[PDB]
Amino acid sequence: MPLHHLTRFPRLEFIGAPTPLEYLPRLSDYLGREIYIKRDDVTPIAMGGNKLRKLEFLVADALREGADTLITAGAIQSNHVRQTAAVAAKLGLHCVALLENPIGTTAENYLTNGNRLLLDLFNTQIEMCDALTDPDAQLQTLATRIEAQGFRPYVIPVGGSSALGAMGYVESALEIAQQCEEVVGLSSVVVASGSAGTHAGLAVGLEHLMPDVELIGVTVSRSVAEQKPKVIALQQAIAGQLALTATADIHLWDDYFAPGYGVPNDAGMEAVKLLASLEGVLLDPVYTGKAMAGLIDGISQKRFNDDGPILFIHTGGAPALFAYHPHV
């Protein structure tokens, strides 16, 4: 009942059936607690990820406007850009990507392989910038010049993280609650927290469907201080768009992303090696490896509410493995 205003928003279908929610018996054995995983890395468009959920809503909205071009921004190895470009090609929309190099690498695989490779396959128009210092303004500058060519453009923010985009993860929460019914009583849910729409959609959904479940966002780019107001605004705007309130507090851990966004760290790469070796599951150096390292330290240091089951949201990211090898 509580989330029924969701059907008011037009949406496309890119996924179809609920993504798998699987027990991780070997990781659970090693960690000493029940770990489950939500497999949003297996969404069926061009190597999947958390963004296909958001794009179902955003692109549906783009088409309502009669738009024929999608314009977004991110890192050279951004998964969002890649899923956006894939969806654009699929629909015969044009796509324009404002890309940056957030880490100052000159490594050829970072510059040319992985997610950046696939963008050329989708015929993405690539616009390089020194830095995404003001992505929203920079995207509007780009859309103006693109509009001048006669294109009918639609601006998708970094990570598709607007209140409309985040509706995909309100919907994920409905899936998750449905799959967990009578099978597992969850205590905690862990997801990486970057552009913030995934965290925020899940925050709203879980508050209304699974009140007593603790949602933990592991930051990938920012301190709790910088990040919390970003999640809160989406949460609040999302709630209002669904005619609900949201009084849940937002929870964030920021101890797992140093030296900074897009830079691999030891605990992240050890989490990647753990999931691969024990579960045959592929994480990534930027997002999920670092999120999972937070889950692990969280168990180690007893940072969760209790000792009960934890759901890790696999938000994708694997193609970046190939861009980060051998280094930088």
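Numbers for residues come from their place in the sequence shown, where the first is 1.
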{"property": "No coordinates for residue 224 in a third or more of the other PDB entries", "result": "no"}
{"property": "Coordinates lacking for residue 183, a third or more of other entries", "result": "yes"}
{"property": "Given 213 to 221 and 118 to 126, the range whose Cα B-factors average higher in the PDB entry", "result": "118 to 126"}
{"property": "Comparing 67 to 75 with 146 to 154, the one whose average Cα B-factor in the PDB entry is higher", "result": "146 to 154"}
{"property": "Given 141, 84, 101, 227, the residue at which the Cα B factor reaches its maximum", "result": "141"}
{"property": "Out of 25, 317, 16, 20, highest CA B-factor residue", "result": "16"}
{"property": "For residue 95, the third of its chain into which the C-alpha B factor falls", "result": "middle"}
{"property": "For residue 298, the third of its chain into which the C-alpha B factor falls", "result": "middle"}
{"property": "Third assignment of residue 175 from its chain's C-alpha B-factors", "result": "highest"}
{"property": "Residue 32 - which third its CA temperature factor falls in, relative to the rest of the chain", "result": "middle"}
{"property": "Where the record places residue 263 (Cα B-factor, split into thirds across the chain)", "result": "lowest"}
